[PDB]
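Coordinates from data00.pdb are shown below (PDB, C-alpha atoms).
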ATOM      1  CA  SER R   1      16.962  -6.150  -5.767
ATOM      2  CA  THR R   2      16.321  -3.874  -2.796
ATOM      3  CA  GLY R   3      18.034  -1.130  -0.819
ATOM      4  CA  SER R   4      17.370   0.511   2.552
ATOM      5  CA  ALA R   5      19.241   3.491   3.998
ATOM      6  CA  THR R   6      18.883   5.574   7.172
ATOM      7  CA  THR R   7      18.317   9.283   6.508
ATOM      8  CA  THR R   8      19.094  11.810   9.257
ATOM      9  CA  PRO R   9      18.297  15.496   9.855
ATOM     10  CA  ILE R  10      21.335  17.755   9.400
ATOM     11  CA  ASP R  11      20.333  19.847  12.436
ATOM     12  CA  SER R  12      17.948  20.014  15.394
ATOM     13  CA  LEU R  13      15.374  21.826  13.237
ATOM     14  CA  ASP R  14      14.919  19.109  10.581
ATOM     15  CA  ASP R  15      16.001  21.638   7.918
ATOM     16  CA  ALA R  16      16.936  18.759   5.593
ATOM     17  CA  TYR R  17      17.758  15.031   5.624
ATOM     18  CA  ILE R  18      21.080  13.500   4.563
ATOM     19  CA  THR R  19      21.553   9.859   3.460
ATOM     20  CA  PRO R  20      24.952   8.208   2.981
ATOM     21  CA  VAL R  21      25.671   7.250  -0.634
ATOM     22  CA  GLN R  22      28.506   4.993  -1.851
ATOM     23  CA  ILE R  23      30.234   6.183  -5.012
ATOM     24  CA  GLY R  24      33.028   4.576  -7.003
ATOM     25  CA  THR R  25      35.361   1.604  -6.530
ATOM     26  CA  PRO R  26      36.347   1.137  -4.010
ATOM     27  CA  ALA R  27      33.472   2.962  -2.407
ATOM     28  CA  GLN R  28      33.588   6.659  -1.532
ATOM     29  CA  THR R  29      30.847   7.476   0.966
ATOM     30  CA  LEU R  30      29.192  10.895   0.661
ATOM     31  CA  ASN R  31      26.187  12.372   2.506
ATOM     32  CA  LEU R  32      23.577  13.432  -0.037
ATOM     33  CA  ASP R  33      20.258  15.294   0.131
ATOM     34  CA  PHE R  34      17.670  13.026  -1.547
ATOM     35  CA  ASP R  35      15.533  15.587  -3.434
ATOM     36  CA  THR R  36      12.285  14.450  -5.057
ATOM     37  CA  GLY R  37      12.062  17.974  -6.459
ATOM     38  CA  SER R  38      14.998  17.632  -8.867
ATOM     39  CA  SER R  39      16.670  15.019 -11.075
ATOM     40  CA  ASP R  40      20.429  15.581 -11.048
ATOM     41  CA  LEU R  41      22.960  13.519  -9.105
ATOM     42  CA  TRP R  42      25.609  16.094  -8.140
ATOM     43  CA  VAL R  43      28.496  16.143  -5.658
ATOM     44  CA  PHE R  44      31.341  18.169  -4.222
ATOM     45  CA  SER R  45      34.418  16.826  -6.021
ATOM     46  CA  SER R  46      38.132  16.871  -6.677
ATOM     47  CA  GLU R  47      37.172  19.266  -9.462
ATOM     48  CA  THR R  48      35.378  21.836  -7.303
ATOM     49  CA  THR R  49      37.291  25.204  -7.034
ATOM     50  CA  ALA R  50      39.131  24.977  -3.699
ATOM     51  CA  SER R  51      38.019  28.261  -2.090
ATOM     52  CA  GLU R  52      34.478  27.033  -2.693
ATOM     53  CA  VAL R  53      34.804  23.700  -0.725
ATOM     54  CA  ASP R  54      34.106  23.992   2.973
ATOM     55  CA  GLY R  55      34.248  20.884   5.244
ATOM     56  CA  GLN R  56      32.324  18.838   2.710
ATOM     57  CA  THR R  57      33.580  15.419   1.674
ATOM     58  CA  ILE R  58      34.437  15.099  -2.018
ATOM     59  CA  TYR R  59      34.187  12.428  -4.699
ATOM     60  CA  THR R  60      37.549  11.962  -6.465
ATOM     61  CA  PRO R  61      36.824  10.331  -9.805
ATOM     62  CA  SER R  62      40.482   9.468 -10.294
ATOM     63  CA  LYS R  63      40.557   7.194  -7.244
ATOM     64  CA  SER R  64      37.621   5.146  -8.609
ATOM     65  CA  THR R  65      38.621   2.303 -10.932
ATOM     66  CA  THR R  66      35.110   2.364 -12.242
ATOM     67  CA  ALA R  67      34.631   6.035 -13.093
ATOM     68  CA  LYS R  68      34.526   7.227 -16.692
ATOM     69  CA  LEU R  69      34.462  10.699 -18.116
ATOM     70  CA  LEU R  70      31.266  11.326 -20.075
ATOM     71  CA  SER R  71      32.888  13.023 -23.079
ATOM     72  CA  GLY R  72      31.448  16.541 -23.896
ATOM     73  CA  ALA R  73      28.674  16.410 -21.268
ATOM     74  CA  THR R  74      28.249  19.394 -18.949
ATOM     75  CA  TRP R  75      25.509  20.518 -16.568
ATOM     76  CA  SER R  76      24.178  23.564 -14.742
ATOM     77  CA  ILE R  77      21.319  23.650 -12.265
ATOM     78  CA  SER R  78      19.564  26.223 -10.063
ATOM     79  CA  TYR R  79      17.047  25.715  -7.241
ATOM     80  CA  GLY R  80      13.963  27.644  -6.180
ATOM     81  CA  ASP R  81      16.008  29.194  -3.366
ATOM     82  CA  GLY R  82      18.424  30.747  -5.867
ATOM     83  CA  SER R  83      21.327  28.366  -5.210
ATOM     84  CA  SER R  84      23.297  26.910  -8.116
ATOM     85  CA  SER R  85      26.138  24.705  -9.335
ATOM     86  CA  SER R  86      27.597  23.339 -12.592
ATOM     87  CA  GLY R  87      30.276  21.031 -13.988
ATOM     88  CA  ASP R  88      30.974  17.964 -16.144
ATOM     89  CA  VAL R  89      29.915  14.354 -15.806
ATOM     90  CA  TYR R  90      31.246  10.929 -14.850
ATOM     91  CA  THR R  91      29.568   7.545 -14.922
ATOM     92  CA  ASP R  92      30.310   5.347 -11.904
ATOM     93  CA  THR R  93      28.956   2.721  -9.539
ATOM     94  CA  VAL R  94      26.491   4.129  -7.035
ATOM     95  CA  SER R  95      25.190   2.167  -4.068
ATOM     96  CA  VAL R  96      22.407   3.226  -1.710
ATOM     97  CA  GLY R  97      21.742   1.116   1.384
ATOM     98  CA  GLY R  98      22.611  -2.140  -0.394
ATOM     99  CA  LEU R  99      21.247  -1.238  -3.848
ATOM    100  CA  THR R 100      23.886  -0.792  -6.566
ATOM    101  CA  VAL R 101      23.624   0.760 -10.028
ATOM    102  CA  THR R 102      26.381   0.691 -12.618
ATOM    103  CA  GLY R 103      27.109   3.549 -14.941
ATOM    104  CA  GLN R 104      25.136   6.049 -12.855
ATOM    105  CA  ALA R 105      25.711   9.559 -14.098
ATOM    106  CA  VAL R 106      27.660  11.202 -11.274
ATOM    107  CA  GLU R 107      27.648  14.954 -11.932
ATOM    108  CA  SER R 108      30.820  16.579 -10.653
ATOM    109  CA  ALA R 109      30.704  20.188  -9.495
ATOM    110  CA  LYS R 110      33.472  22.480 -10.772
ATOM    111  CA  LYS R 111      31.772  25.419  -9.043
ATOM    112  CA  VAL R 112      29.224  25.730  -6.234
ATOM    113  CA  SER R 113      27.195  28.656  -4.903
ATOM    114  CA  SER R 114      27.822  30.257  -1.538
ATOM    115  CA  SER R 115      24.858  28.522   0.072
ATOM    116  CA  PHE R 116      26.362  25.119  -0.713
ATOM    117  CA  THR R 117      29.800  26.172   0.531
ATOM    118  CA  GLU R 118      28.316  27.151   3.903
ATOM    119  CA  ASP R 119      26.315  23.929   4.220
ATOM    120  CA  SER R 120      28.994  21.710   5.731
ATOM    121  CA  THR R 121      26.750  18.661   6.146
ATOM    122  CA  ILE R 122      25.619  18.353   2.522
ATOM    123  CA  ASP R 123      28.053  16.797   0.062
ATOM    124  CA  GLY R 124      25.568  17.037  -2.805
ATOM    125  CA  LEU R 125      22.100  16.088  -4.059
ATOM    126  CA  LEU R 126      20.515  12.877  -5.418
ATOM    127  CA  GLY R 127      17.472  13.919  -7.476
ATOM    128  CA  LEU R 128      14.326  11.771  -7.502
ATOM    129  CA  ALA R 129      12.038  13.787  -9.798
ATOM    130  CA  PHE R 130      11.438  12.655 -13.383
ATOM    131  CA  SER R 131      14.385  12.416 -15.747
ATOM    132  CA  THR R 132      12.930  15.172 -17.917
ATOM    133  CA  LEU R 133      14.359  17.619 -15.376
ATOM    134  CA  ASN R 134      17.966  16.386 -15.577
ATOM    135  CA  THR R 135      20.252  19.232 -16.605
ATOM    136  CA  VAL R 136      22.976  17.232 -18.348
ATOM    137  CA  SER R 137      23.522  18.098 -22.017
ATOM    138  CA  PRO R 138      23.505  17.488 -24.800
ATOM    139  CA  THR R 139      21.842  14.243 -23.708
ATOM    140  CA  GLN R 140      19.875  14.034 -20.437
ATOM    141  CA  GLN R 141      20.833  11.403 -17.856
ATOM    142  CA  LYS R 142      18.657   9.013 -15.838
ATOM    143  CA  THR R 143      18.206   9.368 -12.075
ATOM    144  CA  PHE R 144      19.288   6.672  -9.652
ATOM    145  CA  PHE R 145      15.664   5.456  -9.414
ATOM    146  CA  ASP R 146      15.247   5.311 -13.192
ATOM    147  CA  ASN R 147      18.465   3.311 -13.577
ATOM    148  CA  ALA R 148      17.579   0.980 -10.720
ATOM    149  CA  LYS R 149      14.071   0.309 -11.929
ATOM    150  CA  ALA R 150      14.785  -2.855 -13.920
ATOM    151  CA  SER R 151      16.416  -4.719 -11.029
ATOM    152  CA  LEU R 152      14.047  -3.601  -8.271
ATOM    153  CA  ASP R 153      11.612  -6.154  -6.844
ATOM    154  CA  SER R 154       9.038  -3.357  -7.323
ATOM    155  CA  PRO R 155       9.441  -0.003  -9.175
ATOM    156  CA  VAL R 156       8.998   2.043  -6.057
ATOM    157  CA  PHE R 157      10.796   3.810  -3.205
ATOM    158  CA  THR R 158       9.282   5.005   0.045
ATOM    159  CA  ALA R 159      10.210   7.992   2.191
ATOM    160  CA  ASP R 160       9.856   7.686   5.947
ATOM    161  CA  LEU R 161      11.209  10.949   7.322
ATOM    162  CA  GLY R 162      11.522  11.342  11.099
ATOM    163  CA  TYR R 163      10.401  14.208  13.361
ATOM    164  CA  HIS R 164      13.682  15.227  14.971
ATOM    165  CA  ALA R 165      14.870  11.644  14.425
ATOM    166  CA  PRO R 166      16.455   9.603  11.633
ATOM    167  CA  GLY R 167      14.259   7.553   9.367
ATOM    168  CA  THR R 168      14.314   5.545   6.211
ATOM    169  CA  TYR R 169      14.567   5.655   2.469
ATOM    170  CA  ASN R 170      13.597   2.265   1.029
ATOM    171  CA  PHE R 171      14.129   1.091  -2.543
ATOM    172  CA  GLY R 172      12.174  -1.652  -4.204
ATOM    173  CA  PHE R 173       9.699  -2.713  -1.524
ATOM    174  CA  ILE R 174       7.076  -1.429   0.894
ATOM    175  CA  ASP R 175       7.729  -2.184   4.578
ATOM    176  CA  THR R 176       4.309  -2.996   6.040
ATOM    177  CA  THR R 177       5.549  -2.691   9.687
ATOM    178  CA  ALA R 178       6.260   1.044   9.170
ATOM    179  CA  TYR R 179       2.777   2.603   8.848
ATOM    180  CA  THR R 180      -0.682   2.192  10.312
ATOM    181  CA  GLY R 181      -3.922   1.667   8.357
ATOM    182  CA  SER R 182      -3.692   1.385   4.561
ATOM    183  CA  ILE R 183      -1.863   3.338   1.851
ATOM    184  CA  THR R 184      -4.020   5.748  -0.123
ATOM    185  CA  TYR R 185      -2.855   6.160  -3.709
ATOM    186  CA  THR R 186      -3.425   9.301  -5.773
ATOM    187  CA  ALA R 187      -2.739  10.253  -9.395
ATOM    188  CA  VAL R 188       0.465  11.995 -10.454
ATOM    189  CA  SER R 189       0.947  14.523 -13.238
ATOM    190  CA  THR R 190       4.391  14.362 -14.845
ATOM    191  CA  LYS R 191       3.743  17.397 -17.054
ATOM    192  CA  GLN R 192       6.215  19.593 -15.157
ATOM    193  CA  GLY R 193       8.552  16.686 -14.378
ATOM    194  CA  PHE R 194       7.535  16.802 -10.704
ATOM    195  CA  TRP R 195       5.857  14.410  -8.340
ATOM    196  CA  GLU R 196       2.749  16.553  -8.775
ATOM    197  CA  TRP R 197      -0.637  15.676  -7.271
ATOM    198  CA  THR R 198      -3.983  17.162  -6.269
ATOM    199  CA  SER R 199      -4.918  17.219  -2.590
ATOM    200  CA  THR R 200      -8.671  16.977  -1.948
ATOM    201  CA  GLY R 201      -8.571  19.605   0.778
ATOM    202  CA  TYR R 202      -7.724  20.462   4.373
ATOM    203  CA  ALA R 203      -8.886  21.028   7.929
ATOM    204  CA  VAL R 204      -7.419  23.110  10.758
ATOM    205  CA  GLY R 205      -7.446  21.677  14.289
ATOM    206  CA  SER R 206     -10.807  20.141  15.193
ATOM    207  CA  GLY R 207     -12.881  22.178  12.709
ATOM    208  CA  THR R 208     -14.437  21.325   9.363
ATOM    209  CA  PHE R 209     -12.822  19.728   6.305
ATOM    210  CA  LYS R 210     -13.109  22.023   3.275
ATOM    211  CA  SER R 211     -13.076  20.162  -0.031
ATOM    212  CA  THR R 212     -10.976  22.431  -2.240
ATOM    213  CA  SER R 213      -8.386  21.222  -4.742
ATOM    214  CA  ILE R 214      -4.783  21.945  -3.772
ATOM    215  CA  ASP R 215      -2.375  21.339  -6.651
ATOM    216  CA  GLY R 216       1.070  20.597  -5.241
ATOM    217  CA  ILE R 217       4.362  18.743  -5.486
ATOM    218  CA  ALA R 218       5.871  16.263  -3.017
ATOM    219  CA  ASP R 219       9.341  17.582  -2.352
ATOM    220  CA  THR R 220      11.728  15.992   0.143
ATOM    221  CA  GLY R 221      14.301  18.757  -0.380
ATOM    222  CA  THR R 222      11.897  21.503   0.645
ATOM    223  CA  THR R 223      11.855  22.148   4.372
ATOM    224  CA  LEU R 224       8.416  23.639   4.961
ATOM    225  CA  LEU R 225       4.801  23.182   3.797
ATOM    226  CA  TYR R 226       3.753  25.954   1.388
ATOM    227  CA  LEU R 227       0.051  26.407   0.683
ATOM    228  CA  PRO R 228      -2.268  28.946  -0.957
ATOM    229  CA  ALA R 229      -2.356  32.246   0.948
ATOM    230  CA  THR R 230      -5.976  31.897   2.027
ATOM    231  CA  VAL R 231      -5.466  28.404   3.431
ATOM    232  CA  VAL R 232      -2.437  29.658   5.346
ATOM    233  CA  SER R 233      -4.449  32.616   6.641
ATOM    234  CA  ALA R 234      -7.096  30.160   7.840
ATOM    235  CA  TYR R 235      -4.550  28.156   9.817
ATOM    236  CA  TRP R 236      -2.762  30.958  11.650
ATOM    237  CA  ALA R 237      -6.080  32.589  12.458
ATOM    238  CA  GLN R 238      -6.447  29.932  15.163
ATOM    239  CA  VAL R 239      -3.135  30.951  16.777
ATOM    240  CA  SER R 240      -3.538  34.126  18.859
ATOM    241  CA  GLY R 241      -0.436  36.300  18.452
ATOM    242  CA  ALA R 242       0.480  34.630  15.223
ATOM    243  CA  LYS R 243       1.197  37.366  12.680
ATOM    244  CA  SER R 244       3.038  37.693   9.372
ATOM    245  CA  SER R 245       6.412  39.417   9.632
ATOM    246  CA  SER R 246       8.164  41.079   6.694
ATOM    247  CA  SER R 247      11.441  41.169   8.618
ATOM    248  CA  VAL R 248      11.650  37.402   9.125
ATOM    249  CA  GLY R 249       9.695  36.633   5.952
ATOM    250  CA  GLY R 250       6.521  34.729   6.926
ATOM    251  CA  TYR R 251       4.151  33.840   9.795
ATOM    252  CA  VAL R 252       5.731  34.014  13.267
ATOM    253  CA  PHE R 253       4.237  32.920  16.586
ATOM    254  CA  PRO R 254       5.018  32.723  20.304
ATOM    255  CA  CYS R 255       7.082  29.679  21.187
ATOM    256  CA  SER R 256       4.673  29.501  24.128
ATOM    257  CA  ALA R 257       1.821  28.352  21.953
ATOM    258  CA  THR R 258       0.186  24.990  21.427
ATOM    259  CA  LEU R 259      -0.404  25.024  17.663
ATOM    260  CA  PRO R 260      -3.452  23.184  16.268
ATOM    261  CA  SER R 261      -3.024  20.197  13.968
ATOM    262  CA  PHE R 262      -3.375  20.535  10.200
ATOM    263  CA  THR R 263      -5.185  17.952   8.100
ATOM    264  CA  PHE R 264      -4.812  17.534   4.338
ATOM    265  CA  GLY R 265      -6.738  15.091   2.209
ATOM    266  CA  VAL R 266      -5.620  12.490  -0.258
ATOM    267  CA  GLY R 267      -8.585  11.236  -2.090
ATOM    268  CA  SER R 268     -10.937  10.060   0.599
ATOM    269  CA  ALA R 269      -8.106   9.724   3.145
ATOM    270  CA  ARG R 270      -6.926  12.253   5.728
ATOM    271  CA  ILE R 271      -3.317  12.770   6.856
ATOM    272  CA  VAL R 272      -2.808  14.821  10.017
ATOM    273  CA  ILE R 273       0.271  16.923  10.752
ATOM    274  CA  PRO R 274       0.556  17.338  14.540
ATOM    275  CA  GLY R 275       0.726  20.939  15.770
ATOM    276  CA  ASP R 276       4.247  20.310  17.158
ATOM    277  CA  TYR R 277       5.473  19.647  13.612
ATOM    278  CA  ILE R 278       4.438  23.160  12.574
ATOM    279  CA  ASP R 279       6.378  24.777  15.385
ATOM    280  CA  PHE R 280       9.558  25.063  13.363
ATOM    281  CA  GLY R 281      11.610  26.660  16.143
ATOM    282  CA  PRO R 282      12.775  30.010  17.493
ATOM    283  CA  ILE R 283      13.744  32.596  14.874
ATOM    284  CA  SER R 284      17.017  33.088  16.774
ATOM    285  CA  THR R 285      18.374  31.167  19.778
ATOM    286  CA  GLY R 286      16.728  32.401  22.974
ATOM    287  CA  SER R 287      13.946  34.289  21.159
ATOM    288  CA  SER R 288      10.319  33.954  22.275
ATOM    289  CA  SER R 289       9.272  33.993  18.630
ATOM    290  CA  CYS R 290       9.222  30.786  16.595
ATOM    291  CA  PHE R 291       9.024  30.551  12.802
ATOM    292  CA  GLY R 292       5.860  28.929  11.437
ATOM    293  CA  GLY R 293       6.096  25.584   9.665
ATOM    294  CA  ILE R 294       3.303  26.432   7.235
ATOM    295  CA  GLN R 295       3.777  29.387   4.889
ATOM    296  CA  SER R 296       2.343  31.041   1.763
ATOM    297  CA  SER R 297       3.196  29.513  -1.622
ATOM    298  CA  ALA R 298       2.160  32.732  -3.386
ATOM    299  CA  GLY R 299       5.725  33.937  -3.968
ATOM    300  CA  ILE R 300       6.906  30.475  -5.027
ATOM    301  CA  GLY R 301       4.148  29.980  -7.627
ATOM    302  CA  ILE R 302       3.533  26.305  -6.824
ATOM    303  CA  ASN R 303       2.249  24.611  -3.687
ATOM    304  CA  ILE R 304       4.886  22.435  -2.029
ATOM    305  CA  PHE R 305       4.275  19.575   0.347
ATOM    306  CA  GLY R 306       7.820  19.500   1.791
ATOM    307  CA  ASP R 307       9.325  17.927   4.889
ATOM    308  CA  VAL R 308       6.829  19.249   7.424
ATOM    309  CA  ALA R 309       4.082  17.445   5.508
ATOM    310  CA  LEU R 310       5.969  14.356   4.426
ATOM    311  CA  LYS R 311       7.353  13.359   7.837
ATOM    312  CA  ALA R 312       3.785  13.068   9.119
ATOM    313  CA  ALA R 313       3.364  10.376   6.478
ATOM    314  CA  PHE R 314       4.727   7.119   5.151
ATOM    315  CA  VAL R 315       5.087   8.089   1.498
ATOM    316  CA  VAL R 316       5.166   5.723  -1.463
ATOM    317  CA  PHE R 317       6.604   6.941  -4.744
ATOM    318  CA  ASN R 318       5.193   4.529  -7.303
ATOM    319  CA  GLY R 319       7.334   4.619 -10.436
ATOM    320  CA  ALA R 320       5.287   2.430 -12.780
ATOM    321  CA  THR R 321       4.651   3.611 -16.333
ATOM    322  CA  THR R 322       1.751   5.443 -14.745
ATOM    323  CA  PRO R 323       3.234   6.810 -11.522
ATOM    324  CA  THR R 324       1.181   7.204  -8.344
ATOM    325  CA  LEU R 325       1.762   8.776  -4.907
ATOM    326  CA  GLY R 326       0.707   6.802  -1.790
ATOM    327  CA  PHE R 327       0.248   8.349   1.668
ATOM    328  CA  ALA R 328      -0.261   6.479   4.932
ATOM    329  CA  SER R 329      -0.600   7.531   8.560
ATOM    330  CA  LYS R 330       2.319   6.317  10.685
TER     331      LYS R 330
END

Represent the structure from my file as structure tokens, please.
Amino acid sequence: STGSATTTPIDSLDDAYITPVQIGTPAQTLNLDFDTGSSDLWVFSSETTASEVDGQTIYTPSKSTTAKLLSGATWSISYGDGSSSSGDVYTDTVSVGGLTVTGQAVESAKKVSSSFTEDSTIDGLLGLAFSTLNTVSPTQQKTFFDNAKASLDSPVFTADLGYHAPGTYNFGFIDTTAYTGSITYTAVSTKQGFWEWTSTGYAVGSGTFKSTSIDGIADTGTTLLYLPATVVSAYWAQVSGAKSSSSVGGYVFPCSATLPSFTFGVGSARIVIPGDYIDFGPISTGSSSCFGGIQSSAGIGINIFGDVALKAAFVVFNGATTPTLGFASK
């Protein structure tokens, strides 16, 4: 079995990507944030307190002939940004881009945090981390990917995120027409339940590649690229009039500027993020300041290769019993 679904940025800034998901019978189509940095499938629902739903489309279990209440199971999750939600749990049919899974644990939100209520475009999250992170209790539930694994042509999914443009989540196969060169595979640690890997270093612009280990997670639901302070200071040093701003909370630079590329290594391979990717956009509309697309991980406590990194790459999540991460230039 395979699936293939278009994923689209929710705004002109590429803050996040949404992908339509089909839940229930007959099918209820919601727009979910595919999040390789968590492992809960959660949605706005019939059950969600009314004054907390805000333009979002909801999943009504009672209109699905194939939904079933998972007796005594509840969940509660929070994200690095401080947002949260909680509720109880249905099993149901879930289809992504052709690929269907029966008895997928569909977590129904009874309450959502104010952040979610303001985000009109996001109808919930589909988590693609390891199942060890699932919040359901007393027994943890499998992700979409875990459940699909047996029927997939290959235990893998690939993320092809676009730079101000839709792209592609693929399940069960690697599309050779989508990248250039060859995929470079690197080892994953599952010890924290993340897609966690060790980058072999970095270069800024046209200068020298420093081999230094960067431990980091590949996280499709994190907008920016967060790296050790001293790496980040190295980058923005090449942008004159770049400075760190307390007020706006990170490095800011003149929209005027041509930003240098950033290169990060994967084994012996090099992936290069074009300067234009790191120009996130103006801090307010009309401003001559833009917010920087690479920022310090120091306050997060883990390095995150989020959307700014990943969209420069064709990325293969390899879900074999020993999982690997593949990067290719595209």

Pick out the closest residue to residue R:190 from this set: R:217, R:257, R:302, R:271. Count all atoms listed in the file.
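Nearest candidate to residue R:190 out of R:217, R:257, R:302, R:271: R:217.
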
Please determine the residues with any atom at most 9 Å from (23.8, 17.3, -7.8) (coordinates as given in the file, with all atoms listed in the file counting) and report them as an MDAnalysis selection string.
chainID R and resid 32:33 38:44 77 85:86 106:109 123:127

In Å, rounded to a single decimal, give me how far atom CA of residue R:158 is from atom CA of residue R:329.
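Atom CA of residue R:158 lies 13.3 Å from atom CA of residue R:329.
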
When the PyMOL selection byres ((chain R and resi 130) around 10) is applied to the file above, which residues end up in the set, as a list in words?
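With the PyMOL selection byres ((chain R and resi 130) around 10) on this model, the match is residues 36, 37, 38, 39, 40, 127, 128, 129, 131, 132, 133, 134, 142, 143, 145, 146, 190, 191, 192, 193, 194, 195 and 319 of chain R.
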
Residue IDs satisfying the PyMOL selection byres ((chain R and resi 181-188) around 12), as number ranges by chain:
R: 129-130, 158, 174-180, 189-200, 215-218, 265-271, 313-330

When the PyMOL selection byres ((chain R and resi 161-167) around 10) is applied to the structure above, which residues does it catch, written out as a ChimeraX atom specification?
/R:5-19,158-160,168-170,220,276-277,307-315

Using all atoms listed in the file, which of R:272, R:224, R:304, R:70 sits nearest residue R:292?
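The answer is R:224, which sits nearest to residue R:292.
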
Can you take the partial stretch 109-125 of chain R, add N, CA, C and O atoms, and return it as a compact mmCIF listing (two decimals), in the frame of the given file?
# COMPACT_ATOMS: atom_id res chain seq x y z
N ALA R 109 30.76 18.72 -9.55
CA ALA R 109 30.70 20.19 -9.49
C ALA R 109 32.08 20.80 -9.68
O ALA R 109 33.02 20.48 -8.97
N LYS R 110 32.20 21.69 -10.66
CA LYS R 110 33.47 22.48 -10.77
C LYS R 110 33.32 23.75 -9.93
O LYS R 110 34.28 24.29 -9.41
N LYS R 111 32.09 24.20 -9.81
CA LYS R 111 31.77 25.42 -9.04
C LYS R 111 30.49 25.17 -8.23
O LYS R 111 29.61 24.45 -8.68
N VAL R 112 30.43 25.78 -7.07
CA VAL R 112 29.22 25.73 -6.23
C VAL R 112 28.91 27.11 -5.68
O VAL R 112 29.79 27.95 -5.55
N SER R 113 27.64 27.34 -5.39
CA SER R 113 27.20 28.66 -4.90
C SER R 113 27.38 28.74 -3.40
O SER R 113 27.66 27.72 -2.75
N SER R 114 27.23 29.92 -2.84
CA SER R 114 27.82 30.26 -1.54
C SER R 114 27.06 29.51 -0.43
O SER R 114 27.69 29.06 0.52
N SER R 115 25.77 29.42 -0.59
CA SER R 115 24.86 28.52 0.07
C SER R 115 25.37 27.12 0.22
O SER R 115 25.42 26.56 1.31
N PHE R 116 25.79 26.48 -0.88
CA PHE R 116 26.36 25.12 -0.71
C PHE R 116 27.65 25.14 0.06
O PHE R 116 27.93 24.24 0.87
N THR R 117 28.48 26.16 -0.13
CA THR R 117 29.80 26.17 0.53
C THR R 117 29.64 26.31 2.04
O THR R 117 30.47 25.82 2.80
N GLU R 118 28.60 27.00 2.47
CA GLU R 118 28.32 27.15 3.90
C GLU R 118 27.69 25.92 4.50
O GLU R 118 27.86 25.64 5.69
N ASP R 119 26.99 25.13 3.71
CA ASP R 119 26.32 23.93 4.22
C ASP R 119 27.26 22.76 4.38
O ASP R 119 27.44 21.97 3.45
N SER R 120 27.88 22.64 5.54
CA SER R 120 28.99 21.71 5.73
C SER R 120 28.53 20.27 5.62
O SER R 120 29.31 19.42 5.17
N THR R 121 27.30 19.99 6.00
CA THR R 121 26.75 18.66 6.15
C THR R 121 26.34 18.04 4.82
O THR R 121 26.15 16.82 4.75
N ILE R 122 26.19 18.84 3.79
CA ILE R 122 25.62 18.35 2.52
C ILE R 122 26.68 18.25 1.45
O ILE R 122 27.29 19.24 1.07
N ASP R 123 26.93 17.03 0.97
CA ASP R 123 28.05 16.80 0.06
C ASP R 123 27.54 16.73 -1.38
O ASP R 123 28.36 16.63 -2.29
N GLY R 124 26.24 16.78 -1.53
CA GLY R 124 25.57 17.04 -2.80
C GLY R 124 24.12 16.54 -2.75
O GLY R 124 23.60 16.31 -1.66
N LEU R 125 23.53 16.37 -3.90
CA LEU R 125 22.10 16.09 -4.06
C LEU R 125 21.93 14.80 -4.90
O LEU R 125 22.69 14.62 -5.85
